[PDB]
Amino acid sequence: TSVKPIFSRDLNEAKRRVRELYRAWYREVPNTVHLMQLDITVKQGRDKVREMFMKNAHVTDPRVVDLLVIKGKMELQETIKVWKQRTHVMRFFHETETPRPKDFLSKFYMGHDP
Amino acid sequence: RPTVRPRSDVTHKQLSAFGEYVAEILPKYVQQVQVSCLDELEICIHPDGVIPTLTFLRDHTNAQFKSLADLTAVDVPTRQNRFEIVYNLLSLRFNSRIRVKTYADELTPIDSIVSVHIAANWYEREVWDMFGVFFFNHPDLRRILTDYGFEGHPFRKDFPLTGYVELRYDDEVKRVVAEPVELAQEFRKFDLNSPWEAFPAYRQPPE
Amino acid sequence: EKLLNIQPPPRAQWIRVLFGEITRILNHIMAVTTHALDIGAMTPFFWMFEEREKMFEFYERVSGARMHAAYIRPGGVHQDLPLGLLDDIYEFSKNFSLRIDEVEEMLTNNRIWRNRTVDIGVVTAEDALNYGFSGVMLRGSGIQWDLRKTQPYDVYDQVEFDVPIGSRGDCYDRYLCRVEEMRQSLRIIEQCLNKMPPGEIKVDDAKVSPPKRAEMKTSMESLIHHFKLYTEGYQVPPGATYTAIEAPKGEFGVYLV
Amino acid sequence: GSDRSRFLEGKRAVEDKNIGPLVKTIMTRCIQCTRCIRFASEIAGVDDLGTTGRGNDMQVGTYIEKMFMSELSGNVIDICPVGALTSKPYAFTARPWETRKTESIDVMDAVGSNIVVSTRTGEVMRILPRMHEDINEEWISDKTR
Amino acid sequence: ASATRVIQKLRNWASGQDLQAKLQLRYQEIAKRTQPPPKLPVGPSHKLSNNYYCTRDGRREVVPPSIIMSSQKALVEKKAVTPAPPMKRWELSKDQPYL
Amino acid sequence: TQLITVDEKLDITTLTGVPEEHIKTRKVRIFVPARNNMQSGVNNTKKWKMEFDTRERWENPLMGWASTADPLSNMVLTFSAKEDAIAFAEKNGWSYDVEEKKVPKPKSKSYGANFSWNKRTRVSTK
Amino acid sequence: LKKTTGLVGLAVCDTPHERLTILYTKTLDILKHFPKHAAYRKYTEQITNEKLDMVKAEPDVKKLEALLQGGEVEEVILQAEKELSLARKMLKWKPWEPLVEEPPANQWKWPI
Amino acid sequence: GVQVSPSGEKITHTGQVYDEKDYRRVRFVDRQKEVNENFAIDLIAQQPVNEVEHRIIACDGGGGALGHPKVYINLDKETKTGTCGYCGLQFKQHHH
Amino acid sequence: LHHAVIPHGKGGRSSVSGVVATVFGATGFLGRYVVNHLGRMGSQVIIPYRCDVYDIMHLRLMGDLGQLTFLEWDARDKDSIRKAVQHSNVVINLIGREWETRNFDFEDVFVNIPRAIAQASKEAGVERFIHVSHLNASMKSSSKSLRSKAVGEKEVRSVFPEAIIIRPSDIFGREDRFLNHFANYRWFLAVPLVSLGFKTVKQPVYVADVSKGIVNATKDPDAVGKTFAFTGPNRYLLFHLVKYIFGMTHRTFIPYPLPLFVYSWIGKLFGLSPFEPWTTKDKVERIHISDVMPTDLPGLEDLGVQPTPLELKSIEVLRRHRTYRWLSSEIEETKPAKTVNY
Amino acid sequence: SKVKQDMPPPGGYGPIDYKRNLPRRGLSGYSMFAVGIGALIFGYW
Amino acid sequence: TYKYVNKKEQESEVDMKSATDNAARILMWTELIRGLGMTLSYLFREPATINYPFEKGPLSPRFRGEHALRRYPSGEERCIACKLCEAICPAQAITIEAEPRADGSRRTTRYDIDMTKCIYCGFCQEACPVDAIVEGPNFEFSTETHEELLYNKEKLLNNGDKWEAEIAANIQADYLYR
Ligand SMILES: NC(=O)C1=CN([C@@H]2O[C@H](COP(=O)(O)OP(=O)(O)OC[C@H]3O[C@@H](n4cnc5c(N)ncnc54)[C@H](OP(=O)(O)O)[C@@H]3O)[C@@H](O)[C@H]2O)C=CC1
Ligand code: SF4
Ligand code: SF4
Ligand code: SF4
Ligand code: SF4
Ligand SMILES: [K+]
Ligand SMILES: [Zn+2]
């Protein structure tokens, strides 16, 4: 209640900025895969971009959405340059680590973790 | 007393007079003016007056603080605005130092002072990288000290000392990969706080 | 020390100034010789690094380590000098200006070095102040500023030396400033060796400095303070300070809260 | 206190006692504060501890070879400010800056007294009492300690 | 130090400076590695009298910073001042101005 | 023109960079720490600490050290007020258990009760 | 008569009395647009008036620099025009107004 | 004195030997498990008891500052010798 | 379980998994991936080696502070085998060669050494013995190596009756001898295939899939004597596979029908070499032996491993063999090979 | 036992040169140009 | 005070002789020949190189080398399990698990020092109240594996027994300063 906006008055232009950022990432994925000799395909990278947007897609605060857009623009900028390397852009896929299972039987069989 | 420092009440009085001067010149922004017993002048202002306060201190005739020494942030995660942004300024003309404080939270950015001092470019990049305080109108605001894909702002109090991820070479993928952190030692925190107070001058009143 | 409101003893202060100028000679040797190595000449690097090895031997004699000598402490100075150290420092410093003269003759009048450094990286005084350089680029561009003269901290206020000042703001003027700062550091080293005072080595406050080991093993309060300083440490009263020291590379500041 | 000692003489020394398998007594470092005596007289109510002698020779303990073994007898280890009365099972194993403290409750007694488990490197090292004025006040029993 | 006269003359002429006076190899003028034992002095406050810690407790002389004005505590012709008197201009060095 | 109405709960967990495991499957405890019963000093109370639930610390096969797997093990956070700690926990999105401050009860103390004429408070040893 | 200023990028700037005169008069003329109760107006009028008085009093450059104590006269000129720029910026702003917002009660409390 | 486990490996002065079925002996396979031969408990057991005259004896480690903190031991019990806590030196009052 | 073998610790690389394992072919090509997976999950890995310490240097990482114990061994030293296996829950046998040397032949390599390792493991009382055979190493095969692997499979079954026996197909991956072999066919004029590469069906399997299958086998409650067939998800004709390989390489593709008799002659000519031979008669026979259909045997699917397709994990192998012109080409620039069923 | 400490000699240490010292040598310009021209003329003849 | 490094006082005007001198300096490369002479003199000097494994570099009794646990002259270990060296250890490189011994003395059961974690600062040896842990003069103890630098109590006691003939002499030469 009665906070100061940073870019967006409400959620609509925040979603507009989100759509602009998503367009930029979607266009940049093929150039990234071509330039950095990535094992993945263009479809996998665009699906990963959609996955990141979806895992951030539950927040309804305009300031938080604007800050996520700003951080996404920074990440996109260092992907536009080759500041990020193959290792940095393949860290999004978690190809090495085994995911912890979501079921109580497995989480009971190994570890005392909830 | 050969083990105690001298006091210099003359420069304490000078800094007090200059604090009155700045506080009455800029009443719109100045919230507090204090002079420590170490003879350092601190001026705590509203975040809206960062640009006018820093411009006044950069080029006012009686307050030429044209050199910016330091720009840092302090995370105090118990106040409502958890970041205290601190500017240490140097006056070569009058051979003085001033400190200007403002506040921020995770969702309230502060106007950058790159138009006033150019060192504020990298200093505000470091503040954003280490604390997540965004800066308005900053040219190429981005990370400066963390890794390229690093997530989170590590100088915050709630960030762990060891971080959340660690890097190792993996021969299957032939890469340097990131894993969740698993220490073989588990850094031992030490409770090095005496249960007896040491300084009665700072004894807070009870709640 | 400023947060604790204590002062180191005069012998500790003079030792700290002596090793401050020793660090300044080390750092300016490193800067000048590695700058010349990046330009293309390596013989001054080898000569002045033999000299740098002698000064690292001085560090290894005054403390344990050659480089990371955890020696200057908030309680003044950790340990006193061994008995031959001042004479060996004098023997090093009386021959040191010849080495600076050899490097000066090798580089300064050399037309290749002049073409490589003159009118390169010219910084105006106003731009240096606005960019907040504050260390050597100010006096290379002509700004008369040195913290050891303007805001003196240790016995720098009672040593005598000159601050070299550039006039063109380029690499050549900065190189000349660093060489002249080496010479003035030699001058301060001579003054410190002459005026070293006979006092104690750390502030006689057992609640900040650890006591001597004999007193610790023979006294109750000394053992209690040794235990608490080496387990918990001294409590610094709350407050924030910004302490700036004229380090050889520039204004080195600590904002302590 | 001050930071130095003006004492240039020889310190006294007191022979130790064998008060039990729980409380190790190094009575040389006792400061003659009678806290254990007051506790064992009022709270524990055994009246076995006391002062024998006069002056600098005044000593705390039992005059005879007495086995001070009651319930609520580690609380003298708690309330002794010096290390005159220490815990024999917790002999030399850890230090307070090492120990992580977890505030928990007690079992094997239906009082449910509040305790602090002092662990270190994933190993339970000590059980201390907590302060709850409505359950156990400041102390716990020997079984839970 | 162990060089012939002809080689010393060649070195001095080629360097342009006298080298045997300030050669950078240490031979015998350094201190002996085995030193006599020291007897370090005790500093002040070893006085055994008139030496109470409360009279030299510099750590507890620190006070909280003095508030000049406050937006809460205070709730608020004269000359303009400066943070300090302006710094006097440096004098040129007399032993070597090198100007 | 510069004020907007936001009716959220100030969620910054998407900005903190913490993995979702250490956000959701985590329990913080907000408490004034208990007085260490080995000492009579009370200065280590009166500040509200926030700590995390303790995870597994196992034994290193090589050296016998205590190995860990969670980063939020030594995460003592200090707050001047319970409401500030609650707000910080809610803002970072951690489930919290908060327990009230346990002040010692004010007690009647009289030196003359040790020498009572008829009450049981008369002591037998000074 | 002065050959160099000694600071890189600072021009020699002959006839500095006229330049200081016009800078100080422009500063006064733009200070006339501030409110009368503006402390910035009062103090800057004091500073500019006394510096203009000493620049009218002293005709020699070296003695004028010694009186001004602002470094070289070219540094004084640069400081005067920067003060004029600050006067314009402070007319665009309105710093003499009351405080925009009180801080929270524990915002400047140390230690916590 | 070092001893040998039935598995074969040596036993340290804090007896910590790996069991028969413990896998952590491949670290000693083709290498060695080094044990300090000089057991301090035996070395201080074979030290003689010092006969002193006073009821209270002061102990260092054998030097003014090269030893341990100077402690005092009370030799009132005739049945047992007083051992200094830092060293392992034992003192007995010469009551004759 | 002994107390030091309890699997306590989340995840891997610093935890204990209780998979103390002696890996015998660890210095080779499948062995590095197996050791990588074991050290990743966090396990005591005993590596007996006979090559140089420099040749085992690449294995010295991927283990956390003494979790990898290297010790020398000789294949003719029963004491060395016994001291390798005497502290191990699990023994994994990956010993193999693609050729025969003066000291060791196919019979020794695939029969005598696995029998000695299994015998020493049985006498030391290890709990599991995983042995890597080959798919279609059944009996009466055209090549000596497959017959030797069949006989060694029988010998390991006789000595260690509950040994897990894993039979992968032709394993592909980085530094393999299948994809790199077909990509190194470019150094000659044409590609000499038998019957133009037709009537020869292969389903290659990924190294990470095989190593994950081996690790899941050494942790699996089942597989106490079972035989697994580790195959890829798609079966390709040899002609289509080589055409896909040269398409991903972007070099060229001119095939050449060559009868197996003279192709075995050329293989023997290449195998006459004191160094590691480029190809040999047994190699070309195993190239032109078709894979069998895995019908009743379990595989990666019920060992918990999804078989990664070659069309997915093929660019990380064949990008070395491209020129600069075609180096920055994606997956979609090459059409996938036709998959047969048969 | 008197206080023994690392101290300078009672008369102080000797002088230490610190200023720049260049030899300031070489032939004059006229002599070098004259010997060069003489070598040129002799070689030409 | 201050001085100039490149500013010139007035000018030396223009003269035929000075012009000829500058012309000869430019044409005949006089400063280049001077630099040649300087490095020629350095050629004819004596090198400062020592024959390394036979002539070691000089050191001091204060030198911080390899860690060691010392003993009393009776043979009893000096360490009394007081843990304040690991309390002061700025790298947390020491682990000091301890228990009462068979004779009831306060001794250590685990004393580990991670030399790959230690910063070689001597804080442990200056904090130890009984001179138990020391940093002796051994610096040529480089190993071929990471594990050999993870010392335990047996390794530290072996180092103390190995280097006691030198550590005791260094402490004798040094203890009056500390
Ligand atoms: N790779 C493939 O395409 C396929 C392989 N297989 C089988 O899987 C197993 C592992 O495969 P792979 O990695 O490719 O094999 P490698 O070619 O990589 O060799 C495996 C290991 O065997 C060791 N070895 C070979 N001969 C001897 C010997 N005489 N004595 C001791 N050690 C020896 C090698 O050690 P060193 O380096 O010291 O010589 C090496 O570490 C083998 O049995 C192989 O036949 C099955 C199907 C397909
Ligand atoms: S409580 Fe401790 S210090 Fe007090 S009298 Fe008892 S034993 Fe002595
Ligand atoms: S820690 Fe306390 S009780 Fe123990 S010896 Fe020291 S002062 Fe005495
Ligand atoms: S030298 Fe320093 S870092 Fe190393 S063990 Fe000792 S205290 Fe720790
Ligand atoms: S080595 Fe010294 S400081 Fe460390 S625990 Fe032992 S006695 Fe204490
Ligand atoms: K106690
Ligand atoms: Zn003793």
# chains A, B, ... in the order shown; residues from 1 in each chain; ligands from 1
>>> residues_near_ligand(ligand="ligand 7", cutoff="6 Å", atoms="only C-alpha atoms and all ligand atoms", output="PDB file with N, CA and C atoms, in the first residue's frame")
ATOM      1  N   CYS H  59      55.706 -25.230  40.245  1.00  0.00           N
ATOM      2  CA  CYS H  59      56.138 -25.950  39.058  1.00  0.00           C
ATOM      3  C   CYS H  59      56.110 -25.032  37.847  1.00  0.00           C
ATOM      4  N   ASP H  60      57.208 -25.044  37.099  1.00  0.00           N
ATOM      5  CA  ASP H  60      57.309 -24.611  35.715  1.00  0.00           C
ATOM      6  C   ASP H  60      57.582 -25.835  34.855  1.00  0.00           C
ATOM      7  N   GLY H  61      57.878 -25.601  33.591  1.00  0.00           N
ATOM      8  CA  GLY H  61      58.285 -26.705  32.754  1.00  0.00           C
ATOM      9  C   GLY H  61      59.771 -26.969  32.737  1.00  0.00           C
ATOM     10  N   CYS H  84      51.647 -31.912  38.790  1.00  0.00           N
ATOM     11  CA  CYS H  84      51.319 -30.632  38.176  1.00  0.00           C
ATOM     12  C   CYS H  84      50.457 -30.874  36.944  1.00  0.00           C
ATOM     13  N   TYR H  86      50.095 -29.181  34.102  1.00  0.00           N
ATOM     14  CA  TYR H  86      50.617 -28.885  32.776  1.00  0.00           C
ATOM     15  C   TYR H  86      51.619 -29.939  32.326  1.00  0.00           C
ATOM     16  N   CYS H  87      52.678 -30.141  33.106  1.00  0.00           N
ATOM     17  CA  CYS H  87      53.597 -31.252  32.897  1.00  0.00           C
ATOM     18  C   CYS H  87      52.978 -32.501  33.499  1.00  0.00           C
ATOM     19  N   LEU H  89      54.848 -33.951  36.060  1.00  0.00           N
ATOM     20  CA  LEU H  89      55.799 -34.133  37.144  1.00  0.00           C
ATOM     21  C   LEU H  89      55.088 -34.286  38.479  1.00  0.00           C
TER      22      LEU H  89
END
>>> residues_near_ligand(ligand="ligand 2", cutoff="8 Å", atoms="only C-alpha atoms and all ligand atoms", output="list in words")
residues 25, 27, 29, 30, 31, 32, 33, 34, 35, 36, 37, 60, 61, 76, 77, 79, 80, 81, 82, 83, 84 and 85 of chain D
>>> interface_residues(of="chain B", to="chain A", cutoff="10 Å", atoms="only C-alpha atoms", output="PyMOL selection string")
chain B and resi 106-110+132+134+136+140-143+147-151+170+172-180
>>> residues_near_ligand(ligand="ligand 1", cutoff="6 Å", atoms="only C-alpha atoms and all ligand atoms", output="list in words")
residues 25, 26, 27, 28, 29, 30, 31, 49, 50, 51, 75, 94, 95, 96, 97, 104, 109, 132, 133, 134, 168, 169, 170 and 171 of chain I
>>> residues_around(residues="residue 80 in chain A", least_positions_apart="3", cutoff="8 Å", atoms="only C-alpha atoms", output="PDB file with C-alpha atoms, in the first residue's frame")
ATOM      1  CA  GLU A  28      19.217 -14.187 -29.174  1.00  0.00           C
ATOM      2  CA  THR A  32      24.192 -17.808 -28.946  1.00  0.00           C
ATOM      3  CA  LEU A  76      21.010 -11.079 -21.753  1.00  0.00           C
ATOM      4  CA  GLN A  77      23.693  -8.416 -22.183  1.00  0.00           C
TER       5      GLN A  77
END
>>> closest_residue(among="F:61, F:103, F:38, F:72", to="ligand 3", atoms="only C-alpha atoms and all ligand atoms")
F:38
>>> residues_around(residues="range 12-27 of chain H", least_positions_apart="6", cutoff="7 Å", atoms="only C-alpha atoms", output="list in words")
residues 2, 35 and 39 of chain H; 2, 4, 69, 87 and 88 of chain I; 109 of chain K
>>> residues_near_ligand(ligand="ligand 4", cutoff="12 Å", atoms="only C-alpha atoms and all ligand atoms", output="PyMOL selection string")
(chain C and resi 64-65+68-70+230-231) or (chain K and resi 63-69+83-96+111-128+132-136+150-151+156)
>>> residues_around(residues="residue 42 in chain D", least_positions_apart="6", cutoff="12 Å", atoms="only C-alpha atoms", output="list in words")
residues 35, 36, 48, 49 and 72 of chain D; 114, 120, 121, 122, 123, 124 and 125 of chain F
>>> residues_around(residues="residue 15 in chain E", least_positions_apart="3", cutoff="10 Å", atoms="only C-alpha atoms", output="JSON, numbers by chain")
{"C": [102, 105], "E": [9, 10, 11, 12, 18, 19], "J": [23], "K": [34, 35, 36, 37, 38, 39, 40, 41, 42]}
>>> write_last_selection(atoms="C-alpha atoms", output="PDB file, in the first residue's frame")
ATOM      1  CA  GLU C 102      71.538   2.862 -12.385  1.00  0.00           C
ATOM      2  CA  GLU C 105      70.403   6.233 -16.172  1.00  0.00           C
TER       3      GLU C 105
ATOM      4  CA  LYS E   9      88.531   0.086 -13.606  1.00  0.00           C
ATOM      5  CA  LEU E  10      86.499  -1.221 -16.550  1.00  0.00           C
ATOM      6  CA  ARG E  11      83.367  -1.542 -14.398  1.00  0.00           C
ATOM      7  CA  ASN E  12      83.744   1.957 -12.967  1.00  0.00           C
ATOM      8  CA  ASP E  18      82.262   4.208  -8.446  1.00  0.00           C
ATOM      9  CA  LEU E  19      81.050   0.673  -7.771  1.00  0.00           C
TER      10      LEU E  19
ATOM     11  CA  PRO J  23      78.146  11.149 -14.177  1.00  0.00           C
TER      12      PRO J  23
ATOM     13  CA  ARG K  34      75.555   5.184 -21.994  1.00  0.00           C
ATOM     14  CA  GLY K  35      72.923   2.523 -21.322  1.00  0.00           C
ATOM     15  CA  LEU K  36      75.101   0.029 -23.194  1.00  0.00           C
ATOM     16  CA  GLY K  37      77.977   0.917 -20.884  1.00  0.00           C
ATOM     17  CA  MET K  38      75.794   0.495 -17.804  1.00  0.00           C
ATOM     18  CA  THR K  39      74.698  -3.002 -18.733  1.00  0.00           C
ATOM     19  CA  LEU K  40      78.302  -3.781 -19.747  1.00  0.00           C
ATOM     20  CA  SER K  41      79.401  -2.870 -16.231  1.00  0.00           C
ATOM     21  CA  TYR K  42      76.680  -5.165 -14.921  1.00  0.00           C
TER      22      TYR K  42
END
>>> closest_residue(among="F:79, F:58, F:48, F:31", to="chain G", atoms="only C-alpha atoms")
F:79
>>> closest_atom_pairs(of="chain E", to="chain K", cutoff="8 Å", atoms="only C-alpha atoms", output="Markdown table")
| residue | atom | partner | partner_atom | distance |
| --- | --- | --- | --- | --- |
| E:7 | CA | K:44 | CA | 7.1 |
| E:10 | CA | K:41 | CA | 7.3 |
| E:11 | CA | K:41 | CA | 4.6 |
| E:12 | CA | K:41 | CA | 7.3 |
| E:14 | CA | K:37 | CA | 4.6 |
| E:15 | CA | K:38 | CA | 4.6 |
| E:16 | CA | K:38 | CA | 7.6 |
| E:25 | CA | K:48 | CA | 7.0 |
| E:37 | CA | K:176 | CA | 7.2 |
| E:38 | CA | K:176 | CA | 6.5 |
| E:39 | CA | K:176 | CA | 7.1 |
| E:40 | CA | K:177 | CA | 7.1 |
| E:90 | CA | K:1 | CA | 5.5 |
| E:91 | CA | K:1 | CA | 5.1 |
| E:92 | CA | K:2 | CA | 5.3 |
| E:93 | CA | K:1 | CA | 5.3 |
| E:96 | CA | K:3 | CA | 7.2 |
| E:97 | CA | K:3 | CA | 5.0 |
| E:98 | CA | K:4 | CA | 5.7 |
| E:99 | CA | K:8 | CA | 5.0 |
>>> interface_residues(of="chain H", to="chain C", cutoff="6 Å", atoms="only C-alpha atoms", output="list in words")
residues 65, 69 and 70 of chain H
>>> write_last_selection(atoms="C-alpha atoms", output="JSON list (two decimals), in the first residue's frame")
[["chain", "number", "residue", "atom", "x", "y", "z"],
["H", 65, "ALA", "CA", 59.60, -18.56, 30.36],
["H", 69, "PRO", "CA", 52.63, -21.19, 33.56],
["H", 70, "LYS", "CA", 53.92, -21.33, 37.12]]
>>> residues_around(residues="residue 158 in chain C", least_positions_apart="3", cutoff="12 Å", atoms="only C-alpha atoms", output="list in words")
residues 10, 13, 14, 17, 148, 149, 152, 153, 154, 155, 161, 188, 191, 192 and 195 of chain C
>>> select_by_dssp(residues="range 31-111 of chain F", states="helix (DSSP H, G or I)", output="PyMOL selection string")
chain F and resi 82-92+111
>>> write_last_selection(atoms="N, CA, C and O atoms", output="PDB file, in the first residue's frame")
ATOM      1  N   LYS F  82      11.297  -8.373  17.743  1.00  0.00           N
ATOM      2  CA  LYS F  82      10.643  -9.590  17.282  1.00  0.00           C
ATOM      3  C   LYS F  82       9.854  -9.343  16.007  1.00  0.00           C
ATOM      4  O   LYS F  82       9.879 -10.167  15.091  1.00  0.00           O
ATOM      5  N   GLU F  83       9.154  -8.210  15.930  1.00  0.00           N
ATOM      6  CA  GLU F  83       8.389  -7.887  14.732  1.00  0.00           C
ATOM      7  C   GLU F  83       9.293  -7.671  13.528  1.00  0.00           C
ATOM      8  O   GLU F  83       8.926  -8.038  12.408  1.00  0.00           O
ATOM      9  N   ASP F  84      10.475  -7.090  13.743  1.00  0.00           N
ATOM     10  CA  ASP F  84      11.450  -6.956  12.668  1.00  0.00           C
ATOM     11  C   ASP F  84      11.916  -8.317  12.176  1.00  0.00           C
ATOM     12  O   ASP F  84      12.049  -8.533  10.965  1.00  0.00           O
ATOM     13  N   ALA F  85      12.161  -9.250  13.100  1.00  0.00           N
ATOM     14  CA  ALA F  85      12.556 -10.594  12.685  1.00  0.00           C
ATOM     15  C   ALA F  85      11.435 -11.304  11.928  1.00  0.00           C
ATOM     16  O   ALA F  85      11.689 -11.986  10.926  1.00  0.00           O
ATOM     17  N   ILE F  86      10.188 -11.141  12.387  1.00  0.00           N
ATOM     18  CA  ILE F  86       9.038 -11.734  11.702  1.00  0.00           C
ATOM     19  C   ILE F  86       8.909 -11.169  10.294  1.00  0.00           C
ATOM     20  O   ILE F  86       8.678 -11.909   9.330  1.00  0.00           O
ATOM     21  N   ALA F  87       9.062  -9.849  10.157  1.00  0.00           N
ATOM     22  CA  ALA F  87       8.954  -9.210   8.851  1.00  0.00           C
ATOM     23  C   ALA F  87      10.060  -9.670   7.915  1.00  0.00           C
ATOM     24  O   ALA F  87       9.814  -9.897   6.727  1.00  0.00           O
ATOM     25  N   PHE F  88      11.282  -9.820   8.431  1.00  0.00           N
ATOM     26  CA  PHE F  88      12.380 -10.292   7.591  1.00  0.00           C
ATOM     27  C   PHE F  88      12.155 -11.728   7.131  1.00  0.00           C
ATOM     28  O   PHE F  88      12.412 -12.062   5.965  1.00  0.00           O
ATOM     29  N   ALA F  89      11.671 -12.592   8.030  1.00  0.00           N
ATOM     30  CA  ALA F  89      11.393 -13.975   7.652  1.00  0.00           C
ATOM     31  C   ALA F  89      10.272 -14.063   6.624  1.00  0.00           C
ATOM     32  O   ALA F  89      10.368 -14.830   5.660  1.00  0.00           O
ATOM     33  N   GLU F  90       9.205 -13.281   6.811  1.00  0.00           N
ATOM     34  CA  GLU F  90       8.106 -13.275   5.850  1.00  0.00           C
ATOM     35  C   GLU F  90       8.551 -12.724   4.504  1.00  0.00           C
ATOM     36  O   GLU F  90       8.122 -13.212   3.454  1.00  0.00           O
ATOM     37  N   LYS F  91       9.412 -11.706   4.519  1.00  0.00           N
ATOM     38  CA  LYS F  91       9.896 -11.112   3.282  1.00  0.00           C
ATOM     39  C   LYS F  91      10.770 -12.083   2.504  1.00  0.00           C
ATOM     40  O   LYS F  91      10.657 -12.180   1.279  1.00  0.00           O
ATOM     41  N   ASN F  92      11.638 -12.822   3.193  1.00  0.00           N
ATOM     42  CA  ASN F  92      12.444 -13.810   2.492  1.00  0.00           C
ATOM     43  C   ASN F  92      11.701 -15.112   2.232  1.00  0.00           C
ATOM     44  O   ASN F  92      12.227 -15.973   1.519  1.00  0.00           O
ATOM     45  N   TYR F 111      18.332  -9.781  52.973  1.00  0.00           N
ATOM     46  CA  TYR F 111      19.434 -10.399  53.695  1.00  0.00           C
ATOM     47  C   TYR F 111      19.020 -10.809  55.099  1.00  0.00           C
ATOM     48  O   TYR F 111      19.575 -11.761  55.653  1.00  0.00           O
TER      49      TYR F 111
END
>>> interface_residues(of="chain I", to="chain K", cutoff="12 Å", atoms="only C-alpha atoms", output="JSON, numbers by chain")
{"I": [53, 57, 60, 61, 63, 64, 65, 66, 67, 68, 69, 70]}
>>> atom_distance(atom1="CA of residue 85 in chain E", atom2="CA of residue 18 in chain B")
11.3 Å
>>> closest_atom_pairs(of="chain F", to="chain G", cutoff="10 Å", atoms="only C-alpha atoms", output="Markdown table")
| residue | atom | partner | partner_atom | distance |
| --- | --- | --- | --- | --- |
| F:47 | CA | G:112 | CA | 8.8 |
| F:78 | CA | G:112 | CA | 8.8 |
| F:79 | CA | G:112 | CA | 7.6 |
| F:80 | CA | G:112 | CA | 5.9 |
| F:81 | CA | G:112 | CA | 9.5 |
>>> interface_residues(of="chain I", to="chain H", cutoff="12 Å", atoms="only C-alpha atoms", output="ChimeraX atom specification")
/I:1-6,18-22,43-48,65-73,79-80,82-90,124-126
>>> atom_distance(atom1="CA of residue 144 in chain I", atom2="CA of residue 267 in chain I")
14.0 Å
